[PDB]
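Visitor: First piece of the complex, coordinates kept as in the full assembly:
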Amino acid sequence: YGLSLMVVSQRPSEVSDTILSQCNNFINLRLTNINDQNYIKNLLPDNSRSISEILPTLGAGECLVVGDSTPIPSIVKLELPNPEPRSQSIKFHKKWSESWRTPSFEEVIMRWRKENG
């Protein structure tokens, strides 16, 4: 019905097996968890189980491709996107290097009650 999946997960050992096992191709970047190592080793076909040992040693920007679409497994270097992704996260240390900043402690309490609650 024109629906296919591609999975992004830091910890493949925690994602449900009922969906990861359905994957045919793989894009394996650097992994540093033995459980992820072994689960990955199990899902990949036997054709790359020998080259799959390189996973803890991939450099920055390099990925290993194993699947049917690629004729044979390969290590592909990925060019940076334009524009680059960036989450507006807060990092606490420089906010802690400034002086005491009192945020007037008034409008937030007004926002607590939307209109009257």
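Guide: Nice, I can see it. Numbering: from 1, shown residues only, chains lettered A, B, ... in the order given.

Visitor: do you know how far residue A:100 is from residue A:108?
Guide: Relative to residue A:108, residue A:100 is positioned 17 Å away (CB to CB, to the nearest Å). Backbone N, C-alpha and C define where each C-beta goes, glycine included.

Visitor: between these two, who's got more neighbours?
Guide: Using other CB atoms under 10 Å, the more surrounded residue of residue A:100 and residue A:108 is residue A:108, with 9 against 4.

Visitor: The more buried one: helix or strand, and which one exactly?
Guide: Using DSSP states H and E, residue A:108 maps to helix A:107-112.

Visitor: Could you check how far that helix is from the centre of its chain?
Guide: 36 Å (CA atoms, centre = their mean, to the nearest Å).

Visitor: Report all helices and strands that that helix contacts.
Guide: Applying 3 or more CB pairs under 8 Å, 6 or more residues apart in numbering; DSSP states H and E, one finds that helix A:107-112 contacts no other helix or strand.

Visitor: With just CA atoms, put it into CSV.
Guide: Listed next in CSV are the C-alpha coordinates belonging to helix A:107-112 (Å, rounded to 0.1, in the frame of the first residue of the first chain):
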residue,chain,number,x,y,z
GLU,A,107,4.3,37.2,34.6
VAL,A,108,4.9,33.5,34.9
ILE,A,109,2.5,33.3,37.8
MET,A,110,0.0,35.2,35.7
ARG,A,111,0.5,32.6,32.9
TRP,A,112,-0.1,29.8,35.4
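
Visitor: neighbouring contacts of it?
Guide: Applying CB atoms under 8 Å, 6 or more residues apart in numbering, the set of residues contacting helix A:107-112 from outside is empty.

Visitor: any idea how far residue A:13 is from residue A:38?
Guide: Distance of residue A:13 to residue A:38, computed by CB to CB: 8 Å.

Visitor: More neighbours: those two, which one.
Guide: residue A:13 (15 against 11).

Visitor: ok, now which ones touch the more buried one?
Guide: Contacts of residue A:13 by CB under 8 Å, 6+ apart are A:33, A:35-36, A:39.

Visitor: and the nearest residue in space to it that is not next to it in sequence, how many neighbours does it have?
Guide: Sequence neighbours aside, residue A:35 is the residue nearest to residue A:13 in space, at 4.1 Å (criterion: CB to CB, 6 or more residues apart in numbering). Neighbours of residue A:35 under the rule other CB under 10 Å: 12.

Visitor: Can you classify residue A:56 as helix, strand or coil?
Guide: Using DSSP: H, G, I helix; E, B strand; the rest coil, the secondary structure recorded for residue A:56 is helix.

Visitor: now for chain B:
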Amino acid sequence: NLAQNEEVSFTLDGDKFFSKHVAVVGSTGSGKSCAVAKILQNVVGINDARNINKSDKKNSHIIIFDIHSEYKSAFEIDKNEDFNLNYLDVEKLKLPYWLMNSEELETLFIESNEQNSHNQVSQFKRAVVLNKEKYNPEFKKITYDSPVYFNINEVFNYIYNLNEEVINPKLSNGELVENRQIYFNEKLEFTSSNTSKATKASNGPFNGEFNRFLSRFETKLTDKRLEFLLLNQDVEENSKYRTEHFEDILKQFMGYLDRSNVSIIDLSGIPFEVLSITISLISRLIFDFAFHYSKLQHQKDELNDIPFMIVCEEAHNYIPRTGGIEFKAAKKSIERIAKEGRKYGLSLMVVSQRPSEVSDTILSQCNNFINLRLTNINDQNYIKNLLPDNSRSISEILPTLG
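Guide: Just below you will find chain B, in place on the chains above:
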């Protein structure tokens, strides 16, 4: 300094350490509190019992949930170095009981070691909402979960209408008083059942069914250990805090009242029955403050300027891996600030002695781990499994630590 070489200075990436949730576990005798105190004094700026930030006060915001009451001297210095500590013990803590959701209120008052009788909970909820609505006319929409001030004693007097003989209006106060709002003001006394008139003169619908509930309730209303909920509203000081005074109780936690970078919340004297409610209330109010503050600044194209730093010393009590219904509210609140709060400016360092007994719904979200020596084998296995990097050099050192 490095353990192997003591001359090399070892540094981390601070922006990637405190901004993300951290877990601190270990075992007794390794100085886990020692390591926590060292980290805390390094971040806040205590160096050889001297405050480096003398001329100017840095923007450090640690809030501590202390249950042992053994961290006071971690930051208590002489007065001349002007680095004050907001020591919120059981006595000085002021947490109003009317900022308290349905579940917490029901568990505090209604819940008992016996099976509840029918129409007890519903009458309590109706009394609470009616007293809320009576007390504030300005607020438009009032429900059982609206954080508005109300008197618990008036609700008790409403439940005191147990001795109803007037009708299954026929109130036997004066002659035929109609409005029931006077129930809050006074206990009231009614006549006997040996009479009749044009209308019915039989016992009330709730007659003879609250007798057991008032006893437990009034015993709770005169409890000295529970004095930090402002339950005994008869005293003037307990009644001085109102809906317009939500400002004062909020600021005593962030420490802006006395300009304190460290705000110890000492849970020493709070009973084991109301600990979860206190933790959940504090957690909810911190999360709501951060949420509203963050949403406010989005109009100015700016993010949070005042982050917060929550340590949860001996966390294995109130967020257990397995347990009963006692710690539900604390568990859900800590989960709220764990699975989120990185967007709204909140960080958690879950300090526990037993990482194998802490809920994994909060332990899986920690990005950095500070582990000391471990004696229990399953503790070792669980910690090693949780660690993002364990490659033949991290899974072999946990018991060998000194």
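
Visitor: Once more for the contacts of helix A:107-112, now including chain B?
Guide: Applying CB atoms under 8 Å, 6 or more residues apart in numbering or on different chains, the contact partners of helix A:107-112 are B:147, B:246-247, B:250, B:288-289, B:292-293, B:295-296.

Visitor: which of these count as buried?
Guide: B:147, B:246, B:250, B:288-289, B:292-293, B:296 (16 or more other CB atoms under 10 Å in any protein chain shown).

Visitor: and the stretch 101-250 of chain B, which residues reach chain A?
Guide: Counting by CB under 8 Å from any CB of the partner chain, the residues of the stretch 101-250 of chain B close to chain A are B:138-142, B:146-148, B:246-247, B:250.

Visitor: Take these and write them to JSON lines, including secondary structure.
Guide: Shown next, in JSON lines, are these (three-state DSSP):
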{"residue": "B:138", "secondary structure": "coil"}
{"residue": "B:139", "secondary structure": "coil"}
{"residue": "B:140", "secondary structure": "coil"}
{"residue": "B:141", "secondary structure": "coil"}
{"residue": "B:142", "secondary structure": "coil"}
{"residue": "B:146", "secondary structure": "coil"}
{"residue": "B:147", "secondary structure": "coil"}
{"residue": "B:148", "secondary structure": "coil"}
{"residue": "B:246", "secondary structure": "helix"}
{"residue": "B:247", "secondary structure": "helix"}
{"residue": "B:250", "secondary structure": "helix"}
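
Visitor: Closest one of the residues you listed to residue A:17?
Guide: residue B:147 (44.4 Å; CB to CB).

Visitor: quick one, helices of chain B?
Guide: B:32-44, B:102-105, B:120-135, B:152-159, B:182-185, B:211-221, B:236-239, B:246-254, B:275-297, B:328-339, B:360-363, B:377-386 (DSSP state H).

Visitor: Select, out of the ones you listed, the one closest to residue A:1.
Guide: helix B:328-339 (32.7 Å).

Visitor: packing partners for the closest one?
Guide: The contact analysis (3 or more CB pairs under 8 Å, 6 or more residues apart in numbering or on different chains; DSSP states H and E) places helix B:328-339 against helix B:102-105, helix B:275-297, strand B:346-351, helix B:360-363.

Visitor: ok, and the closest non-adjacent residue to residue A:11?
Guide: Nearest non-adjacent residue to residue A:11, counting by CB to CB, 6 or more residues apart in numbering or on different chains: residue A:36, 6.3 Å away.

Visitor: contacting residues for the one you found?
Guide: A:11-13.

Visitor: what's the burial count for the nearest residue to residue B:336 once chain neighbours are set aside?
Guide: Residue nearest to residue B:336 in three dimensions, not counting chain neighbours: residue B:287, with 5.7 Å by CB to CB, 6+ apart. Residues near residue B:287, counting by other CB atoms under 10 Å in any protein chain shown, number 19.

Visitor: okay, now chain C:
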Amino acid sequence: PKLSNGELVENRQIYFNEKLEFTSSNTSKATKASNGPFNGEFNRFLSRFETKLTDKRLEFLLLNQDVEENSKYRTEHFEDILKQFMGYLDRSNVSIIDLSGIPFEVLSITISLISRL
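Guide: That brings us to chain C, laid onto the chains above:
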């Protein structure tokens, strides 16, 4: 069922419009009344129901139909609702649905809804 004012209700569907007050239990014969099979069994259910309905952070689900003009979305509105997720209105080729602000207890339900649609 007998109302407080005495009118027997023949159609239970009047409960939909508004809340109704009932009579009291009596052991006599002139005005004998018995509690219903569902009397007082939904108190906690009703409390949690109201708590879910009165939540201000869950406005995307449009749960406060009683006071807000959220009843405007009749079954007829399913067309544009379907087309909004998939970029048919603005001819957007990429369907990114951010879920950062969704509270953590309703994330799974939203993801399930969108995937199923």
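
Visitor: Take the neighbour count of residue A:35 again, chain C included.
Guide: Count around residue A:35 with other CB under 10 Å applied: 15.

Visitor: Please state the backbone phi and psi of the nearest residue to residue B:243 once chain neighbours are set aside?
Guide: Sequence neighbours aside, residue B:149 is the residue nearest to residue B:243 in space, at 4.6 Å (criterion: CB to CB, 6+ apart). Backbone torsions of residue B:149, given as degrees, to the nearest 10, read phi -70, psi 140.

Visitor: My read is that residue B:149 contacts residue B:138, right?
Guide: No - look at residue B:149 against residue B:138 with CB atoms under 8 Å: they stay out of range, at 11.9 Å.

Visitor: the more surrounded of those two?
Guide: Under the criterion of other CB under 10 Å, the comparison of residue B:149 against residue B:138 puts residue B:149 first, with 20 against 7.

Visitor: contacting residues around that one?
Guide: Here residue B:149 is in contact with B:96, B:98, B:132, B:135-136, B:241-243 (CB under 8 Å, 6+ apart).

Visitor: For the residues you listed, I'd like a selection string for PyMOL - just the buried members, please.
Guide: Selection command for PyMOL covering only the buried members of the contacts of residue B:149, criterion 16+ other CB under 10 Å:
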select buried, chain B and resi 96+98+132+135+136+241+243
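
Visitor: and which of the contacts of residue B:149 is nearest chain C?
Guide: Using CB to the nearest CB, residue B:132 comes nearest to chain C of those, at 13.4 Å.

Visitor: Touching, the closest one and residue B:145? I think so.
Guide: No - when contacts are counted by CB under 8 Å, residue B:132 is not listed as touching residue B:145 (10.2 Å).

Visitor: okay, the angle between the longest helix along chain A and helix B:377-386?
Guide: As assigned by DSSP H, the longest helix anywhere in chain A is helix A:34-43. For helix A:34-43 against helix B:377-386, the angle by axes from the mean of the first three to the mean of the last three CA atoms, to 10 degrees is 60 degrees.

Visitor: re earlier: just send the contacts of residue B:149 back as JSON lines, with distance to residue B:353 too.
Guide: As requested, the contacts of residue B:149 are exported to JSON lines (distance: CB to CB, whole Å):
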{"residue": "B:96", "distance to residue B:353": "33"}
{"residue": "B:98", "distance to residue B:353": "35"}
{"residue": "B:132", "distance to residue B:353": "42"}
{"residue": "B:135", "distance to residue B:353": "45"}
{"residue": "B:136", "distance to residue B:353": "45"}
{"residue": "B:241", "distance to residue B:353": "36"}
{"residue": "B:242", "distance to residue B:353": "41"}
{"residue": "B:243", "distance to residue B:353": "41"}
